[PDB]
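1. sharing an experimental structure here, sequence included.
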Amino acid sequence: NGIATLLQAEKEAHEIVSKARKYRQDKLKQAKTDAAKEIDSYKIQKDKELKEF
Amino acid sequence: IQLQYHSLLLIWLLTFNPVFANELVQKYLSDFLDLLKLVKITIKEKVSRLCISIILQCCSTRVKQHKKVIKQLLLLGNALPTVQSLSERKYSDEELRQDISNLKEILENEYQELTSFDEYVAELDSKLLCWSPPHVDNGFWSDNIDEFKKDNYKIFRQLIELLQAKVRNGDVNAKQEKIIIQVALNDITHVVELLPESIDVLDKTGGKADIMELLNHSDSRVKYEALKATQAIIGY
């Protein structure tokens, strides 16, 4: 009885750990994508300034 | 007794030739181990002498891979302790005593280069375990821990496969099967507590799931081993 509950909890704990790992991986990709958009604007602004000169 | 003596004489005659003995030893390794055990089991002097001569002929240097065959016999069949006991024992035949001395010398030479890691590897290959002292003494499980993770954790993978096979065959709940399962669980717990990098490999291979499922076994020793494995996994 109790062993089954512990086994089910371990699977739930693994899912929580897996979800936590997924969140960290998603956050890094989201942060990289957000940083890329900001970096793209600076390059575009610099390119326009370079083209104007 | 007469039939056994005739069979032993026929075996000795067949093993007189080196090629025939080499062929028979490979094809009848279990039979060779059984004969070695019966040599000490039997009380007849003539039967014991015949068995010792048959063993020596198989272990004779004239046979192909004689050193390899002798080492394999001494490892799998535990021939060295049996030969040591026979040497300490007494026999009524001088030829039997000389054969026992030669077998003991050969076994000692084979075991000179033997190692605890080699014994553990042989036991894992045999897919059998009876709580061997390498699985009990922390020295072997500490020195050979690094070697267990070698070759992409080949030893750990073999142990996980053996545990899965025992779980599949654990429905019988035989005493020997229960002992083997307990020994495998103890070995897995040791190899997980030491060098914990194999925990992910065990989880990927399904060894952790098999260990968790084994907690339903009715054996008290199996239940304790499963509890210890669970504690080593995430418990304290």
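-> The structure has been received and is ready for your questions. Numbering: from 1, shown residues only, chains lettered A, B, ... in the order given.

2. mind listing what residue B:140 touches?
-> Shown in contact with residue B:140 (Cβ atoms under 8 Å, 6 or more residues apart in numbering or on different chains): B:116, B:117, B:120, B:133, B:134. All C-beta spots, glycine's among them, are computed from the backbone N, C-alpha and C.

3. buried subset of the residues you listed?
-> Burial by neighbour count, 16 or more other Cβ atoms under 10 Å in any protein chain shown: within these this picks out B:116, B:120, B:134.

4. mind listing what the closest residue to residue B:197 other than its chain neighbours touches?
-> Nearest residue to residue B:197, sequence neighbours excluded (Cβ to Cβ, 6 or more residues apart in numbering or on different chains): residue B:149, at 6.6 Å. The contact partners of residue B:149, taken as Cβ under 8 Å, 6+ apart, are B:155, B:156, B:195, B:197, B:198.

5. inside strands: which ones of the buried ones among the contacts of residue B:140?
-> Among those, the subset assigned to strands under DSSP state E is empty.

6. which one among the residues you listed gets closest to chain A?
-> Each of the buried ones among the contacts of residue B:140 was checked against chain A using Cβ to the nearest Cβ; the closest is residue B:120, at 29.5 Å.

7. for residue B:154, see how far away that closest one is.
-> Distance of residue B:120 to residue B:154, given as Cβ to Cβ, to the nearest Å: 13 Å.

8. do the same with residue B:208
-> Taken as Cβ to Cβ, the span from residue B:208 to residue B:154 is 18 Å.

9. what's the burial count for residue B:119?
-> Residues contacting residue B:119 under the criterion other Cβ atoms under 10 Å in any protein chain shown number 18.

10. just residue A:42 next, same as before
-> 9.

11. give me the helices and strands touching the helix or strand harbouring it, please.
-> Using DSSP states H and E, the element containing residue A:42 is helix A:2-52. For helix A:2-52, the elements it packs on are helix B:207-213, judged by 3 or more Cβ pairs under 8 Å, 6 or more residues apart in numbering or on different chains; DSSP states H and E.

12. ok, now with 10 Å
-> Where contact means 3 or more Cβ pairs under 10 Å, 6 or more residues apart in numbering or on different chains; DSSP states H and E, helix A:2-52 is packed against helix B:207-213, helix B:220-233.

13. measure the most far-flung residue of chain B relative to its centre to residue A:15 for me?
-> Most distant from the centre of chain B: residue B:236, at 33.4 Å, with distances by Cα atoms, centre = their mean. According to Cβ to Cβ, residue B:236 and residue A:15 sit 22 Å apart.

14. do a quick rundown of the strands in chain B.
-> Applying DSSP E to chain B gives no strands.

15. around chain A, which positions in it sit nearby?
-> B:203, B:208-209, B:212-213, B:215-216, B:223, B:226-227, B:230, B:233-235 (Cβ under 10 Å from any Cβ of the partner chain).

16. contacting residues around residue B:31?
-> For residue B:31, the contact set (Cβ atoms under 10 Å, 6 or more residues apart in numbering or on different chains) comprises B:11, B:24, B:25.
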